[PDB]
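Asker: Sharing a structure below in structure tokens format, with a few things to ask.
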Amino acid sequence: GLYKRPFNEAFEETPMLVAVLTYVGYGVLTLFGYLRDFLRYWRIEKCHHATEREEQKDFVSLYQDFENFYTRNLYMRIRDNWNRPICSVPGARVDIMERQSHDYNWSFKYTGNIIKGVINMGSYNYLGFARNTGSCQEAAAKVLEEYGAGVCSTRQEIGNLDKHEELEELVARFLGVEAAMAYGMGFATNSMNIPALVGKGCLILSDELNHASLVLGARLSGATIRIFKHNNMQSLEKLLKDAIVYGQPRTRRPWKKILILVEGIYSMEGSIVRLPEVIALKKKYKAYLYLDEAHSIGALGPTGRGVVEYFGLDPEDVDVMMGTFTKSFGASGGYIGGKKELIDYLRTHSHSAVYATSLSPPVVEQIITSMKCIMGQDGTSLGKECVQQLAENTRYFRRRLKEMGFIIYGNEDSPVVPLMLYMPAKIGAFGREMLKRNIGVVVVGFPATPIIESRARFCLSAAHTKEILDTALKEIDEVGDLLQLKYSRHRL
Amino acid sequence: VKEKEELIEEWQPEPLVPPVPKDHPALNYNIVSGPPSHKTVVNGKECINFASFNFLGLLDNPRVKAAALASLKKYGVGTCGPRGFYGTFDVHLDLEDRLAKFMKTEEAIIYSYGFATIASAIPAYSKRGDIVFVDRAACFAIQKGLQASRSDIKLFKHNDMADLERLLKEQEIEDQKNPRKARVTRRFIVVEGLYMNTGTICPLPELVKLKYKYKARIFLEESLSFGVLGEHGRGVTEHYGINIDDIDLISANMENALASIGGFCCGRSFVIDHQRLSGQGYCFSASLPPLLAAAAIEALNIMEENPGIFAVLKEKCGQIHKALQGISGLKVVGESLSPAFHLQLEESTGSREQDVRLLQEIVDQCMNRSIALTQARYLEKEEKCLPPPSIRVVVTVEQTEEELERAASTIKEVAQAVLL
Amino acid sequence: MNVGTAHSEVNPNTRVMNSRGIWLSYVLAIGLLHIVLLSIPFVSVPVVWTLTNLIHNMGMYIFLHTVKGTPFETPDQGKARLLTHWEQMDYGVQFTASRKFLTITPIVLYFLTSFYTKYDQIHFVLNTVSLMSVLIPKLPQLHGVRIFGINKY
Amino acid sequence: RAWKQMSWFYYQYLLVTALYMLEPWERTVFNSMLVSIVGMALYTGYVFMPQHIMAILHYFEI
């Protein structure tokens, strides 16, 4: 397969000095954690933890202490960066309730003051559909007044409604596939529909960076799971060759099926999947394709049909097209699209179709209005402006950050910008300093990522204007000067 | 290289989805032309709702709709992120506090999906090497939770404590064989307050005694009993009077009684605080939309304001269960206290498909007669213990006495005509 | 942070030894320990080298072969609560550049300390028993075996 | 001006050595251990090692 347009991505390497200092910091933290555990065990220092009731003291201990090591010794120190409560619509500006801790993040108390007008770079609204006032909100209010909030039964039983059928046909038209089915949770979509498609005796090939839902869905089904490297089509090709040739491990028989699980945009890495080469490989080796499009269904594409439109490919090549309405459309949910036979088989044999409650009516109304706005059935020019503004903001932000000397991951087109910090203390420092300057960001640490690579992710939006981006960029420059976060050799 | 090549060439994969016969009843979906409520319209036929898990009739309450509308105007529809990353609203914390105060417990955690609640709660505590004693008639959510965990699963007969004691005693023998492993193995007992498949209640006092005797923790599922049982409707613990502190973890969903999407787990801080970091459905998924949380809070306020609705529901369940007794070919399975019970075929013929067809004939003829019934749906190849096919009868405080008598009568004539 | 947020590995621990700059950091750590030992006035150079070898081997034994499990909760549902770090490394693949480096470096330190200890008998027996203590578990034959039931549970 | 620069240098030392997250008594323990090691090293160098390095530093200062 070939690319009609250039495919630009950069993953700079960690400078050796920074790696050495990273390991120094982690070693110091480990040693002081062991000391703190020794102090707490001998009751020399009182432990601020809940303990089991006296009636159950002779039972086997519920948890293993070593498993909680990183939680007490390292996570607790910088716990204030996460779980920040908000009290406003998560737009371009958000209101964060303030909290203070006097026992080093072990317990939090909410002061009266609330921070207002924080620039929001943690929420997932790519097209800026999270508004408390709009046409979508009015339609949702009307359907809430009519249908009520929530349904009390299952789809196969009396719980199926007409709104759900309307949403399913609208989604099928939107993606370009023949049929689609909607679910009430994006995580449940994968976790409950990967087991139905594939069972024991089949092979599943997973990327290194698959979401937890895809991995859980693969585990629940009995299929063998083999992991190829991130966007390495040499690894995928070699795994396909060996799987077809050698067969099953215990008794070398042909695999019943081979399923390849991939994603459109990887949120943390920032990269976009090399879809043309994956499609070429699956056609050559007769393997099926499962494409998760949670992050790319609204952000990518000239009009917004996803990665398949972005590359210009054919939707009929992708066997299963998963997706989530939470990120772009601004309402919770999930969907799978494909052939009519596949959709009917899922309608009969999906776990959530049989046992789990169907989606709330106001949510499907909000999804319908948002999707009609995106494809332009209403006739308003809001559909094109949001996508164009998202693309412009992405390019401007990424370019001007790269020209300040930072290290950034991923393609030039992806609207997620992971900046790299590389040091455990700089995670907490960056989070606190950015909040102090009215900017909200998301930071991740060692158990989540590779040990050397610790990052802060920015999620751009069509709601961010040039003024907001310029303010954020000047604040980021000031912080990077303060914390010395410009590790880029190519640029200064 | 060439032998590798046509080894690649000769292989042929099985089709992704098996060819589906059109005879599947689950293929055809009932289409409800409006909200599923009292006096609903199904398939274009006006009917009285006897299939929706709406026990208290809070789905259509103007107070709930007003609260949901106010919260929708304040926040919108979407939360746009997990609870870790700017997805926590003040309504979520308020709802968790309200649930903790309502159930008289230290802490509660809310998930955005009823299935994920227990399917994520169970694997968080039960790991590989542990021992889980789970009832045979356990819903599919519990089964998927136990499969996600890799612990050893031991099944015992439904509501039978002799089999539980037998398994516990064999475990004590294996304990005596090797103490070193015995000191690091944890034992759990997963039960349900009011079983959905069979409509039968569980023996809590015996379970608590066995817990304290054999050092095994207890996990309880209260999906159906959360809003129907007890003087204040706090579950089966209030029904039996058992102290809630004996039960380690109590999980339920907000869909049935509270009539909004979501689910929750309640317990002491010691057990609950682990799920905030190890519950997969919690860590890696978006939070509950604010309007649903506000609807749940308003439903809790209504439930706390007056406690007589539970008594009304209890008396209606008693009346309908007494009335349905005496059908020729159909037997009632369940208890008088249960709101949702079953009607099964007394004489079971060899084929399950034809049993399903007979029950479908009964259901269709009832629907033509303005009684909207349903049939319990299962995944035949997936369930560990597949229950018999049955017609589900559900009772709601809204249904008047005369409507209950007409429903029982109509089911009676339809069943007698069909079985004849 | 939670395990699995930015990668699909059930056990990140198995790869911490293959990361970038870990080997150079290990070497610099040994050098820093040696310099800290040299900082002691009354201690003499051969017993400095004996102390360097003994402390290095003791710490390496404690970390690689004594402590078992994972410091963080892992979503594979406890593969490796019983396995030690050496057994966990690389999912049980017996040879690897990391394993070869880790098992080669104590022998190099032993040769250096034997040279600088003036080949004395007491130092020889101490250093050699320490080297045997470290090198015996590294054998592929001794994988997941506990002698006399020590550290099994 | 020198005070601000030294404060910035101490800030960088905290960030690099991960002392930024440790509690004050842990910071003091680590600092005391470090200064003790530095003092013992300089004293041992002065007792045994020749002061040619000190002479080189003095010549560079001049």
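As shown in the structure tokens, the chain order sets the letters A, B, ...; within each chain, residues go from 1, and ligands are also counted from 1 in the order they appear.
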Using only C-alpha atoms and a cut-off of 7 Å, which residues of chain C sit close to chain D? Please list them as an NGL selection string.
Answerer: :C and (39-41)
Asker: Do a neighbour search on residue 128 in chain B at 8 Å with only C-alpha atoms, toss out local chain neighbours closer than 5 positions, and write the hits as a PyMOL selection string.
Answerer: (chain B and resi 149-152) or (chain C and resi 77-79)
Asker: Using only C-alpha atoms, find the one residue out of C:72, C:103, C:28, C:123 that sits nearest to residue 139 in chain C.
Answerer: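 Among the listed residues, the smallest separation from residue 139 in chain C belongs to C:103.
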Asker: Residues within 12 Å of residue 206 in chain B, please, as number ranges by chain. Count only C-alpha atoms; anything in the same chain fewer than 3 positions from it doesn't count.
Answerer: B: 159-162, 164-165, 202-203, 209-214, 218, 240, 242
Asker: For those residues, write N, CA and C atoms to a file as a CSV table (one decimal), in the first residue's frame.
Answerer:
chain,number,residue,atom,x,y,z
B,159,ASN,N,-29.3,-22.0,46.9
B,159,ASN,CA,-29.9,-21.8,48.2
B,159,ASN,C,-29.7,-23.0,49.2
B,160,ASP,N,-28.7,-23.8,49.0
B,160,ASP,CA,-28.5,-25.0,49.7
B,160,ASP,C,-27.2,-24.8,50.5
B,161,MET,N,-27.3,-24.9,51.8
B,161,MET,CA,-26.2,-24.7,52.7
B,161,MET,C,-25.5,-26.0,53.1
B,162,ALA,N,-26.1,-27.2,52.9
B,162,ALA,CA,-25.4,-28.4,53.1
B,162,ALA,C,-24.3,-28.6,52.1
B,164,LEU,N,-22.7,-26.1,50.6
B,164,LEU,CA,-21.7,-25.1,51.0
B,164,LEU,C,-20.8,-25.6,52.1
B,165,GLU,N,-21.5,-26.1,53.2
B,165,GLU,CA,-20.7,-26.7,54.2
B,165,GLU,C,-19.8,-27.8,53.8
B,202,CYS,N,-32.2,-15.5,49.4
B,202,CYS,CA,-31.1,-16.3,49.9
B,202,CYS,C,-31.0,-16.3,51.5
B,203,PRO,N,-30.5,-17.4,52.1
B,203,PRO,CA,-30.4,-17.5,53.5
B,203,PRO,C,-29.2,-16.8,54.1
B,209,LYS,N,-23.0,-17.1,59.5
B,209,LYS,CA,-22.5,-18.0,60.5
B,209,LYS,C,-21.3,-18.8,59.8
B,210,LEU,N,-21.6,-19.3,58.5
B,210,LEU,CA,-20.5,-20.0,57.8
B,210,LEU,C,-19.3,-19.1,57.6
B,211,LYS,N,-19.5,-17.8,57.3
B,211,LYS,CA,-18.4,-16.9,57.1
B,211,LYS,C,-17.6,-16.9,58.4
B,212,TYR,N,-18.2,-16.6,59.5
B,212,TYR,CA,-17.4,-16.5,60.7
B,212,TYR,C,-16.8,-17.9,61.2
B,213,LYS,N,-17.4,-19.0,60.8
B,213,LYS,CA,-16.9,-20.3,61.1
B,213,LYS,C,-15.7,-20.7,60.2
B,214,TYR,N,-15.7,-20.3,59.0
B,214,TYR,CA,-14.8,-20.8,58.0
B,214,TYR,C,-13.9,-19.8,57.4
B,218,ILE,N,-17.6,-12.4,52.2
B,218,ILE,CA,-18.9,-12.4,51.5
B,218,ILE,C,-19.1,-11.2,50.6
B,240,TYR,N,-33.8,-9.3,56.6
B,240,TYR,CA,-33.4,-10.3,57.6
B,240,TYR,C,-33.0,-9.6,58.9
B,242,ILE,N,-30.0,-8.5,59.3
B,242,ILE,CA,-28.6,-8.7,59.5
B,242,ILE,C,-27.8,-7.4,59.5
Asker: Kindly give the distance, in Å, that separates CA of residue 284 in chain B and CA of residue 213 in chain A, rounded to a single decimal.
Answerer: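 Here the two named atoms are 7.7 Å from each other.
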Asker: Fewer than 3 positions away in the same chain doesn't count, so skip those; otherwise give me all residues within 9 Å of range 9-17 of chain B, counting only C-alpha atoms, as a PyMOL selection string.
Answerer: (chain A and resi 197-198+244-245+254-258+285-288+319+341-342+345-346) or (chain B and resi 4-6+20)
Asker: Pull N, CA, C and O atoms from the residues just selected and write them as a tab-separated table (two decimals), in the first residue's frame.
Answerer:
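Full text of part-v5.tsv as output:
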chain	number	residue	atom	x	y	z
A	197	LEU	N	-17.14	-12.50	18.63
A	197	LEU	CA	-16.59	-12.73	17.29
A	197	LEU	C	-15.59	-13.88	17.29
A	197	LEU	O	-15.58	-14.70	16.37
A	198	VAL	N	-14.75	-13.96	18.31
A	198	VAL	CA	-13.61	-14.87	18.31
A	198	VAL	C	-13.65	-15.72	19.58
A	198	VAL	O	-13.99	-15.25	20.66
A	244	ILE	N	0.53	-18.42	10.26
A	244	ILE	CA	-0.06	-19.22	9.19
A	244	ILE	C	0.74	-20.50	8.97
A	244	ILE	O	0.17	-21.58	8.75
A	245	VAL	N	2.06	-20.41	9.04
A	245	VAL	CA	2.92	-21.56	8.74
A	245	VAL	C	2.86	-22.59	9.86
A	245	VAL	O	2.44	-23.73	9.64
A	254	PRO	N	-4.21	-25.68	11.60
A	254	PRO	CA	-4.52	-24.33	11.13
A	254	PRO	C	-5.39	-23.57	12.12
A	254	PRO	O	-6.27	-24.15	12.78
A	255	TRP	N	-5.14	-22.27	12.24
A	255	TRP	CA	-5.99	-21.42	13.05
A	255	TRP	C	-7.36	-21.28	12.40
A	255	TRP	O	-7.47	-21.17	11.18
A	256	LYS	N	-8.41	-21.28	13.22
A	256	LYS	CA	-9.75	-21.07	12.69
A	256	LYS	C	-9.89	-19.67	12.10
A	256	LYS	O	-10.46	-19.50	11.01
A	257	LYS	N	-9.36	-18.67	12.79
A	257	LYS	CA	-9.44	-17.28	12.36
A	257	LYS	C	-8.21	-16.54	12.86
A	257	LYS	O	-7.52	-17.00	13.77
A	258	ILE	N	-7.93	-15.40	12.24
A	258	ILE	CA	-6.90	-14.48	12.72
A	258	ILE	C	-7.50	-13.08	12.72
A	258	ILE	O	-7.96	-12.61	11.68
A	285	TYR	N	-2.69	-11.96	3.59
A	285	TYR	CA	-2.66	-13.12	4.47
A	285	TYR	C	-4.04	-13.54	4.96
A	285	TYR	O	-4.13	-14.42	5.83
A	286	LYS	N	-5.11	-12.95	4.43
A	286	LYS	CA	-6.48	-13.36	4.74
A	286	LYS	C	-6.77	-13.32	6.24
A	286	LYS	O	-7.15	-14.31	6.85
A	287	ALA	N	-6.57	-12.15	6.84
A	287	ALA	CA	-6.85	-11.92	8.25
A	287	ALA	C	-7.88	-10.82	8.40
A	287	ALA	O	-7.95	-9.91	7.57
A	288	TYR	N	-8.69	-10.90	9.45
A	288	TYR	CA	-9.75	-9.93	9.68
A	288	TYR	C	-9.23	-8.74	10.48
A	288	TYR	O	-8.25	-8.84	11.22
A	319	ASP	N	-13.18	-4.89	8.41
A	319	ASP	CA	-14.21	-5.86	8.77
A	319	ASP	C	-15.11	-5.34	9.88
A	319	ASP	O	-16.34	-5.37	9.76
A	341	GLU	N	-24.89	-8.91	7.85
A	341	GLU	CA	-24.82	-10.21	8.50
A	341	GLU	C	-24.10	-10.13	9.84
A	341	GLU	O	-24.55	-10.72	10.83
A	342	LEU	N	-22.99	-9.40	9.89
A	342	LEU	CA	-22.27	-9.21	11.14
A	342	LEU	C	-23.15	-8.54	12.18
A	342	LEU	O	-23.19	-8.95	13.34
A	345	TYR	N	-25.78	-10.89	13.50
A	345	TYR	CA	-25.17	-11.86	14.40
A	345	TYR	C	-24.89	-11.23	15.76
A	345	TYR	O	-25.06	-11.87	16.80
A	346	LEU	N	-24.44	-9.97	15.77
A	346	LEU	CA	-24.22	-9.29	17.04
A	346	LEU	C	-25.54	-9.01	17.75
A	346	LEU	O	-25.65	-9.17	18.97
B	4	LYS	N	7.00	-22.61	2.20
B	4	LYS	CA	6.34	-21.61	3.02
B	4	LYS	C	5.27	-20.87	2.23
B	4	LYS	O	4.18	-20.58	2.74
B	5	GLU	N	5.57	-20.55	0.96
B	5	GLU	CA	4.66	-19.73	0.18
B	5	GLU	C	3.33	-20.43	-0.03
B	5	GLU	O	2.27	-19.86	0.24
B	6	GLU	N	3.35	-21.69	-0.50
B	6	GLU	CA	2.02	-22.25	-0.74
B	6	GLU	C	1.42	-22.81	0.54
B	6	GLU	O	0.23	-23.11	0.57
B	20	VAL	N	-26.45	-17.33	10.06
B	20	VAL	CA	-27.49	-17.22	11.09
B	20	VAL	C	-28.81	-17.69	10.50
B	20	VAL	O	-29.27	-17.12	9.51
Asker: Identify all chain A residues at most 8 Å from chain C by counting only C-alpha atoms; ligands do not count. Present them as a PyMOL selection string.
Answerer: chain A and resi 16+19-20+23+66-71+75+207-212+215+268-269+444-452
Asker: Counting only C-alpha atoms, which residue out of B:146, B:184, B:363, B:168 sits closest to chain A?
Answerer: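 Once distances to chain A are computed over only C-alpha atoms, the minimum belongs to B:184.
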Asker: For residue 354 in chain A, work out the shell of residues within 8 Å, counting only C-alpha atoms and skipping chain neighbours fewer than 4 positions away, then give it as a PDB file with N, CA and C atoms, in the first residue's frame.
Answerer:
ATOM      1  N   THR A 154     -34.019  -4.420  28.790  1.00  0.00           N
ATOM      2  CA  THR A 154     -32.982  -4.796  27.845  1.00  0.00           C
ATOM      3  C   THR A 154     -33.512  -4.734  26.412  1.00  0.00           C
ATOM      4  N   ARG A 155     -32.586  -4.658  25.450  1.00  0.00           N
ATOM      5  CA  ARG A 155     -32.972  -4.502  24.050  1.00  0.00           C
ATOM      6  C   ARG A 155     -33.773  -5.692  23.540  1.00  0.00           C
ATOM      7  N   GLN A 156     -33.308  -6.914  23.813  1.00  0.00           N
ATOM      8  CA  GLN A 156     -34.029  -8.092  23.346  1.00  0.00           C
ATOM      9  C   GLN A 156     -35.406  -8.210  23.983  1.00  0.00           C
ATOM     10  N   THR A 348     -28.012 -10.777  17.824  1.00  0.00           N
ATOM     11  CA  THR A 348     -28.447 -12.001  18.487  1.00  0.00           C
ATOM     12  C   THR A 348     -27.486 -12.495  19.566  1.00  0.00           C
ATOM     13  N   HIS A 349     -26.176 -12.300  19.404  1.00  0.00           N
ATOM     14  CA  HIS A 349     -25.179 -12.962  20.240  1.00  0.00           C
ATOM     15  C   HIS A 349     -24.267 -11.999  20.992  1.00  0.00           C
ATOM     16  N   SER A 350     -24.680 -10.752  21.197  1.00  0.00           N
ATOM     17  CA  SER A 350     -23.872  -9.808  21.956  1.00  0.00           C
ATOM     18  C   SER A 350     -24.278  -9.848  23.421  1.00  0.00           C
TER      19      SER A 350
ATOM     20  N   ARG B 377     -34.485 -14.056  28.347  1.00  0.00           N
ATOM     21  CA  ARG B 377     -33.533 -14.308  27.273  1.00  0.00           C
ATOM     22  C   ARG B 377     -32.189 -14.699  27.865  1.00  0.00           C
ATOM     23  N   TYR B 378     -31.575 -15.739  27.306  1.00  0.00           N
ATOM     24  CA  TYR B 378     -30.287 -16.222  27.775  1.00  0.00           C
ATOM     25  C   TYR B 378     -29.390 -16.503  26.581  1.00  0.00           C
ATOM     26  N   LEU B 379     -28.086 -16.524  26.830  1.00  0.00           N
ATOM     27  CA  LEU B 379     -27.115 -16.993  25.849  1.00  0.00           C
ATOM     28  C   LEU B 379     -26.864 -18.471  26.122  1.00  0.00           C
TER      29      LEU B 379
END
Asker: Find the residues in chain D near chain A: any atom within 6 Å counts, using only C-alpha atoms. Write them as a list in words.
Answerer: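 Matching residues, ligands excluded from the count: residues 15, 17 and 18 of chain D.
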Asker: Counting only C-alpha atoms, what is within 7 Å of range 48-64 of chain B, bar same-chain residues fewer than 4 positions away, as JSON, numbers by chain?
Answerer: {"A": [148, 152, 153, 158], "B": [37, 38, 39, 40, 68, 256, 257, 258, 259, 295, 298, 299, 370, 371, 372, 373, 374, 392, 393, 394, 395, 396, 397, 398]}
Asker: Output N, CA and C atoms for every residue in the selection just made, as a PDB file, in the first residue's frame.
Answerer:
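Contents of part31.pdb, as written:
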ATOM      1  N   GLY A 148     -38.454  10.531  29.289  1.00  0.00           N
ATOM      2  CA  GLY A 148     -37.833  10.320  30.577  1.00  0.00           C
ATOM      3  C   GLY A 148     -36.357  10.015  30.425  1.00  0.00           C
ATOM      4  N   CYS A 152     -35.607   0.972  31.569  1.00  0.00           N
ATOM      5  CA  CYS A 152     -35.547   0.007  32.656  1.00  0.00           C
ATOM      6  C   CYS A 152     -35.548  -1.442  32.186  1.00  0.00           C
ATOM      7  N   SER A 153     -35.173  -1.714  30.939  1.00  0.00           N
ATOM      8  CA  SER A 153     -35.140  -3.085  30.455  1.00  0.00           C
ATOM      9  C   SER A 153     -34.083  -3.224  29.370  1.00  0.00           C
ATOM     10  N   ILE A 158     -38.523  -5.839  26.279  1.00  0.00           N
ATOM     11  CA  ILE A 158     -39.312  -4.642  25.981  1.00  0.00           C
ATOM     12  C   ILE A 158     -38.497  -3.358  25.935  1.00  0.00           C
TER      13      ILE A 158
ATOM     14  N   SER B  37     -43.474   2.424  29.723  1.00  0.00           N
ATOM     15  CA  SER B  37     -44.114   2.853  30.956  1.00  0.00           C
ATOM     16  C   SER B  37     -45.486   2.204  31.049  1.00  0.00           C
ATOM     17  N   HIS B  38     -46.236   2.593  32.076  1.00  0.00           N
ATOM     18  CA  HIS B  38     -47.618   2.159  32.199  1.00  0.00           C
ATOM     19  C   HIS B  38     -48.417   2.617  30.987  1.00  0.00           C
ATOM     20  N   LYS B  39     -49.282   1.733  30.491  1.00  0.00           N
ATOM     21  CA  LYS B  39     -50.063   1.991  29.281  1.00  0.00           C
ATOM     22  C   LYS B  39     -49.157   2.316  28.097  1.00  0.00           C
ATOM     23  N   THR B  40     -48.167   1.462  27.863  1.00  0.00           N
ATOM     24  CA  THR B  40     -47.266   1.649  26.739  1.00  0.00           C
ATOM     25  C   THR B  40     -47.909   1.149  25.449  1.00  0.00           C
ATOM     26  N   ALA B  68     -33.475  16.268  36.569  1.00  0.00           N
ATOM     27  CA  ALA B  68     -32.620  15.933  35.438  1.00  0.00           C
ATOM     28  C   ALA B  68     -32.502  17.101  34.472  1.00  0.00           C
ATOM     29  N   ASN B 256     -32.775  -0.605  37.631  1.00  0.00           N
ATOM     30  CA  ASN B 256     -34.056  -1.230  37.940  1.00  0.00           C
ATOM     31  C   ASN B 256     -34.945  -0.355  38.814  1.00  0.00           C
ATOM     32  N   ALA B 257     -34.519  -0.066  40.041  1.00  0.00           N
ATOM     33  CA  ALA B 257     -35.391   0.661  40.958  1.00  0.00           C
ATOM     34  C   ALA B 257     -35.248   2.168  40.788  1.00  0.00           C
ATOM     35  N   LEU B 258     -34.010   2.661  40.700  1.00  0.00           N
ATOM     36  CA  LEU B 258     -33.797   4.102  40.626  1.00  0.00           C
ATOM     37  C   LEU B 258     -34.078   4.640  39.226  1.00  0.00           C
ATOM     38  N   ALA B 259     -34.203   3.751  38.242  1.00  0.00           N
ATOM     39  CA  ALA B 259     -34.635   4.032  36.869  1.00  0.00           C
ATOM     40  C   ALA B 259     -33.669   4.889  36.062  1.00  0.00           C
ATOM     41  N   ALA B 295     -30.875  12.594  38.394  1.00  0.00           N
ATOM     42  CA  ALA B 295     -32.090  11.790  38.458  1.00  0.00           C
ATOM     43  C   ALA B 295     -31.998  10.746  39.563  1.00  0.00           C
ATOM     44  N   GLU B 298     -32.488  12.503  42.924  1.00  0.00           N
ATOM     45  CA  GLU B 298     -33.888  12.834  43.170  1.00  0.00           C
ATOM     46  C   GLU B 298     -34.706  11.587  43.482  1.00  0.00           C
ATOM     47  N   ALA B 299     -34.398  10.469  42.823  1.00  0.00           N
ATOM     48  CA  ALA B 299     -35.071   9.220  43.152  1.00  0.00           C
ATOM     49  C   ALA B 299     -34.778   8.802  44.585  1.00  0.00           C
ATOM     50  N   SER B 370     -54.018  -6.901  25.398  1.00  0.00           N
ATOM     51  CA  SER B 370     -53.600  -5.709  26.144  1.00  0.00           C
ATOM     52  C   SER B 370     -52.778  -6.022  27.389  1.00  0.00           C
ATOM     53  N   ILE B 371     -52.079  -7.153  27.437  1.00  0.00           N
ATOM     54  CA  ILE B 371     -51.137  -7.463  28.508  1.00  0.00           C
ATOM     55  C   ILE B 371     -49.764  -7.645  27.879  1.00  0.00           C
ATOM     56  N   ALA B 372     -48.831  -6.761  28.214  1.00  0.00           N
ATOM     57  CA  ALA B 372     -47.507  -6.753  27.605  1.00  0.00           C
ATOM     58  C   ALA B 372     -46.554  -7.593  28.441  1.00  0.00           C
ATOM     59  N   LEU B 373     -46.258  -8.800  27.971  1.00  0.00           N
ATOM     60  CA  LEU B 373     -45.380  -9.718  28.679  1.00  0.00           C
ATOM     61  C   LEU B 373     -44.084  -9.884  27.904  1.00  0.00           C
ATOM     62  N   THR B 374     -43.117 -10.531  28.542  1.00  0.00           N
ATOM     63  CA  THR B 374     -41.838 -10.830  27.923  1.00  0.00           C
ATOM     64  C   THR B 374     -41.426 -12.249  28.270  1.00  0.00           C
ATOM     65  N   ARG B 392     -41.527 -13.945  31.992  1.00  0.00           N
ATOM     66  CA  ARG B 392     -41.216 -13.109  33.137  1.00  0.00           C
ATOM     67  C   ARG B 392     -42.411 -12.233  33.486  1.00  0.00           C
ATOM     68  N   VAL B 393     -42.835 -12.281  34.747  1.00  0.00           N
ATOM     69  CA  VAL B 393     -43.911 -11.438  35.251  1.00  0.00           C
ATOM     70  C   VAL B 393     -43.308 -10.459  36.246  1.00  0.00           C
ATOM     71  N   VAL B 394     -43.543  -9.169  36.019  1.00  0.00           N
ATOM     72  CA  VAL B 394     -42.962  -8.093  36.812  1.00  0.00           C
ATOM     73  C   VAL B 394     -44.087  -7.224  37.354  1.00  0.00           C
ATOM     74  N   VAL B 395     -43.951  -6.803  38.610  1.00  0.00           N
ATOM     75  CA  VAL B 395     -44.999  -6.091  39.330  1.00  0.00           C
ATOM     76  C   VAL B 395     -44.501  -4.697  39.686  1.00  0.00           C
ATOM     77  N   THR B 396     -45.384  -3.710  39.560  1.00  0.00           N
ATOM     78  CA  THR B 396     -45.049  -2.311  39.771  1.00  0.00           C
ATOM     79  C   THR B 396     -46.137  -1.667  40.618  1.00  0.00           C
ATOM     80  N   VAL B 397     -45.742  -0.690  41.441  1.00  0.00           N
ATOM     81  CA  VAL B 397     -46.687  -0.034  42.340  1.00  0.00           C
ATOM     82  C   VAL B 397     -47.775   0.700  41.570  1.00  0.00           C
ATOM     83  N   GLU B 398     -47.552   0.967  40.282  1.00  0.00           N
ATOM     84  CA  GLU B 398     -48.534   1.714  39.503  1.00  0.00           C
ATOM     85  C   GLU B 398     -49.732   0.849  39.126  1.00  0.00           C
TER      86      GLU B 398
END
Asker: Could you list, as an MDAnalysis selection string, every residue within 8 Å of residue 118 in chain A, counting only C-alpha atoms and ignoring same-chain residues fewer than 3 positions away?
Answerer: chainID A and resid 93:96 115 438:440
Asker: Just N, CA, C and O atoms for this one: save the residues we selected as a CSV table (one decimal), in the first residue's frame.
Answerer:
chain,number,residue,atom,x,y,z
A,93,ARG,N,-13.0,26.6,28.7
A,93,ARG,CA,-12.7,27.1,30.0
A,93,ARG,C,-13.5,26.3,31.0
A,93,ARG,O,-14.8,26.2,30.8
A,94,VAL,N,-12.9,25.9,32.1
A,94,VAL,CA,-13.6,25.0,33.1
A,94,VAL,C,-13.4,25.6,34.5
A,94,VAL,O,-12.4,26.4,34.7
A,95,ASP,N,-14.3,25.3,35.4
A,95,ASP,CA,-14.2,25.8,36.8
A,95,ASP,C,-13.8,24.6,37.7
A,95,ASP,O,-14.5,23.6,37.7
A,96,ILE,N,-12.7,24.7,38.4
A,96,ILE,CA,-12.2,23.6,39.2
A,96,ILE,C,-12.3,24.0,40.7
A,96,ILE,O,-11.8,25.0,41.1
A,115,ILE,N,-11.6,27.9,41.5
A,115,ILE,CA,-10.9,28.5,40.5
A,115,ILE,C,-11.7,28.6,39.2
A,115,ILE,O,-12.4,27.6,38.9
A,438,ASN,N,-3.4,28.8,35.7
A,438,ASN,CA,-4.7,28.7,35.1
A,438,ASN,C,-4.6,27.9,33.8
A,438,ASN,O,-5.3,28.2,32.8
A,439,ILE,N,-3.9,26.7,33.8
A,439,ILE,CA,-3.9,25.8,32.7
A,439,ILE,C,-4.1,24.4,33.3
A,439,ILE,O,-3.3,24.0,34.2
A,440,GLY,N,-5.0,23.6,32.8
A,440,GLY,CA,-5.2,22.3,33.2
A,440,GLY,C,-4.7,21.3,32.3
A,440,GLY,O,-5.0,21.3,31.1
